[PDB]
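Below is one structure, written out as structure tokens, with a few remarks after it.
Derivation of every value follows stated rules applied to the coordinates shown; laboratory data play no part. Every residue, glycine among them, receives a Cβ derived from its backbone with ideal geometry; neighbour counts consider all protein chains shown.
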Amino acid sequence: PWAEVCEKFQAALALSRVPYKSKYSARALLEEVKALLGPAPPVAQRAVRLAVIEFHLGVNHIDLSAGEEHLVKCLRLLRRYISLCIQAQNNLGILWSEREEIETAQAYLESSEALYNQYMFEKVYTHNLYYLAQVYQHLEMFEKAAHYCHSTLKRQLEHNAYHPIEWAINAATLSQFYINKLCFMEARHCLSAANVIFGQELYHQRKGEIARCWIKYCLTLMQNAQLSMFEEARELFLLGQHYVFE
């Protein structure tokens, strides 16, 4: 019996990879597998095997609020007794945020981070680290959001994957934070680095934001000089990018 349920599971997993191309025959997973796991008879293994199936059924059954009930009882089963709980908890966090109840959604995200640090996967660690930076933006804790944002852009750089529009936009907008805190010698670094990755419709207007960032940089620094009371190199540079801006 074990050989055939393994094949049925693998068939269902392959199916999930596909007018609608969805739902069809996917429900076979539930009836085919539960038909065997039911009479499972340490037997604790049955709890782990059920949790895996319940996880997939919960996520798949999203297309639907009923999916929440499936995810909760999975975590309940696991918590009452090695990385699955983390994968599932992140999903409940996002769900509630999308439902505009971010006051409580943050409770899941912050908990998952503390668990990782204290208790101890690597492939998915950066997801909650990215998402946590976002909810802080709605709570307007600007210093904390800026901190996490930087951490993800740097850590992301280790792993080979890179993108042309992701980095050019995000690295650019971060610079605005340091301009507001009058960091003349630090903000320069961000725009310079962003231009290099970019060098490696959507494909045309993507560049428009970069032009605007350099203009604000140049003007803010010069005007600072008028607080008191041979320098034109900064003015010619500004114009040199102004034509591109226009």
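Tally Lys and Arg at +1 and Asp and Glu at -1 over the other residues with C-beta under 12 Å from the C-beta of residue 8: what net charge comes out? The partial results should precede the final answer.
Numbers: positive: 34; negative: 4, 7, 31, 32.
Taking every Cβ under 12 Å from that of residue 8, the sum is -3.
Can you divide the C-alpha Rg of segment 188-239 by 2.2 N^0.38 Å and report the result to two decimal places?
1.42
Rounded to a whole number, what is D in µm²/s for the chain from Stokes-Einstein with the Kirkwood radius over alpha-carbon pairs (10 °C, 1.306 mPa s)? Intermediate values should be presented prior to the final figure.
Numbers: Rh = 22.5 Å.
Value of D from the Cα-based Kirkwood radius: 71 µm²/s.
How much mean residue ellipticity at 222 nm does the chain get from its helices, if each DSSP H run of length 4 or more adds -39500 (n - 2.57) and you divide by all residues, to the nearest 500 deg cm²/dmol? Can you show the working numbers first?
Numbers: 13 runs with 182 residues, N = 246.
Value at 222 nm, helices only: -24000 deg cm²/dmol.
Calculated FRET efficiency, residue 160 and residue 138, Cβ-Cβ r, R0 22 Å, to nearest 0.05? If you can, show how the numbers build up before the last one.
Numbers: r = 32 Å, r/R0 = 1.47.
It comes to 0.10.
Run the dipole for segment 1-81 about the Cα centre, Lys and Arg Cβ at +1, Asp and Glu Cβ at -1, nothing else charged, and hand back the magnitude in debye, nearest 20.
Here the size comes out at about 200 debye.
Using a 10 Å cut-off around each Cβ, can you sort 231, 4 from fewest to most neighbouring Cβ atoms? Could you put the intermediate results ahead of the total?
Details: 231 7, 4 10.
So the residues, fewest neighbours to most, are 231, 4.
Using only Cα atoms, locate the centre of segment 119-173 and the centre of segment 203-246, then give the distance between them in Å, rounded to an integer.
28 Å
For each of 115, 29, count neighbouring Cβ atoms within 10 Å of the residue's Cβ, then give the residues from fewest to most.
115, 29
Of 175, 25, how do they rank once you tally other Cβ atoms within 10 Å and put the fewest first?
Values: 175 22, 25 9.
Sorted ascending by nearby Cβ count, the order is 25, 175.
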